[PDB]
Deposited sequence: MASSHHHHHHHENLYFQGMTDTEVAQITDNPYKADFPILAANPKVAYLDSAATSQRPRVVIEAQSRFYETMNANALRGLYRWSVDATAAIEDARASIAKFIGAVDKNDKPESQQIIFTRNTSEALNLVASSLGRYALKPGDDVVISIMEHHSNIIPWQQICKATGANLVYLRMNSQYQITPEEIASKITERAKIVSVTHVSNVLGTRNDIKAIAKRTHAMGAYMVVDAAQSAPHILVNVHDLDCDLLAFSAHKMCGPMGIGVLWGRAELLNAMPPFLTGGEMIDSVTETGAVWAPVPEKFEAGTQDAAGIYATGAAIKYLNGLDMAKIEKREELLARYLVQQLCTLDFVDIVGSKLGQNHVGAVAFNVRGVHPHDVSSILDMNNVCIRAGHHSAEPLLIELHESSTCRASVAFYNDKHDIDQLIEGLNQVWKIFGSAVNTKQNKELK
């Protein structure tokens, strides 16, 4: 890393936007892969909704409706879901609680729609649990087979592995865009091309890519894409599912009840149009509003500027972890091959000990399986530490982790 690159991450022009970070200047929060800290403008936007337009034809409900629709449009534009006139395709944005529910919705609705016995559902060994178990469940129910894309020695899914596992039997392919443990960026567009050539649907878990890299559903050629707002400076409780307009109309509803209907009788019901077809009951309008505020915040900061800073932070994190001979990185030792997350272990020390000591030094990391236990079994690991970076981190935060790990070794080495 050059003198200038290190200088760029020594400066921190973003940390002050976050009240919890400004109020706790000694704390080095390196667990953004789990959830983000909240920008002040996102917190006040949620409180502002509840104070000024809280409603579920009167004026408050009309404003709340307009605030929701503007948030759908902002989210659609953020992931490139725009029509030929750049008009955002807001009606292809479906709100959930998190990525987990969106993937449950997809596996249930798309699985019932498309899966026949003998079909193949292809996922990767890097998948988060929420992109595994809904497929275990629906495969057993439809008679379909669950197929796994494996990695090579460099934690990558090769084109040969893509063509070897995605065969004619494939009906659904659901792959994470970025691994929440390895930080590998998977070639989603290339996987989609093979997936479509075999007549299958492409689902993308973008929970770890939406906060860090450019997401464009049209350039990615995916049929469905899901992510969580709380991982990109939005509030908790809001997940997003984008869907190809024709596919969402064919897909059957997931949750049923109020607000997803057009009419109901004692014995049947007629479904509402998309996206209302997939949103049952009272939605979190304030959380949706605050998510739109998060998009406007990220837009104003420039995602290209965010990505550039987060590549440098990731490289500095991997580079500085590599100077500790008692640290084994779980993944690539090349920082540029890490988006966000860097998994590692202090040799012979359980991650629970590493994390407990690091918190005594005001360092927040994640320890355990990281909801990717099949991946860890593949790599012969019971548990790992995981440090993750966001644009509001800086060089000092990483140095504080490195100094904290020397204190871990001094105690457990």
**Request:** Please list, in sequence order, every stretch of the deposited sequence that lacks C-alpha coordinates.
**Result:** 1-18, 75-78, 436-447
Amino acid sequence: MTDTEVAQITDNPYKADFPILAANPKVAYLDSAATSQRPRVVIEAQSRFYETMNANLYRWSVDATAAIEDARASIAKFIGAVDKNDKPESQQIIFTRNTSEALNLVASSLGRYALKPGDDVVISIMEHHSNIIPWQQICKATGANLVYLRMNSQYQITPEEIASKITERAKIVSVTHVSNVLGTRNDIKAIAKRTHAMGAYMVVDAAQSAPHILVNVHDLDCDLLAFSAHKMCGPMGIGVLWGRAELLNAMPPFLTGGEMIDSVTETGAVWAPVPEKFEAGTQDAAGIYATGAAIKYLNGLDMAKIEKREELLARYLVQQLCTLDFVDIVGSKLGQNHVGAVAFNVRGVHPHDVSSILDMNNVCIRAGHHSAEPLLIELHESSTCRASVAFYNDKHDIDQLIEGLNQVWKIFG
From here on, numbers count along this sequence of modelled residues.
**Asked** When the C-alpha temperature factors are averaged for each of 164-172 and 128-136, which stretch ends up with the higher value in the entry?
**Response** 164-172
**Item:** Average Cα temperature factor in the PDB entry - higher stretch of 206-214, 113-121
**Value:** 113-121
**Asked** So among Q319, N186, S228, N104, who wins on Cα B-factor in the entry?
**Response** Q319
**Request:** Can you pull the Cα B-factors for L375, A387, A64, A45 from the entry and say which is highest?
**Result:** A64
**Third of the chain's Cα B-factor distribution that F254 belongs to, per the entry** = lowest
**Item:** Third of the chain, ranked by Cα B-factor, where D302 sits
**Value:** highest
**Prompt:** Considering only modelled residues of the same chain, in which third does the CA B-factor of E279 rank: lowest, middle or highest?
**Reply:** lowest
**Request:** Please rank the C-alpha B-factors of the chain's modelled residues and tell me whether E381 sits in the lowest, middle or highest third.
**Result:** middle
**Asked** C-alpha B factor of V363, ranked within the chain: lowest, middle or highest third?
**Response** middle
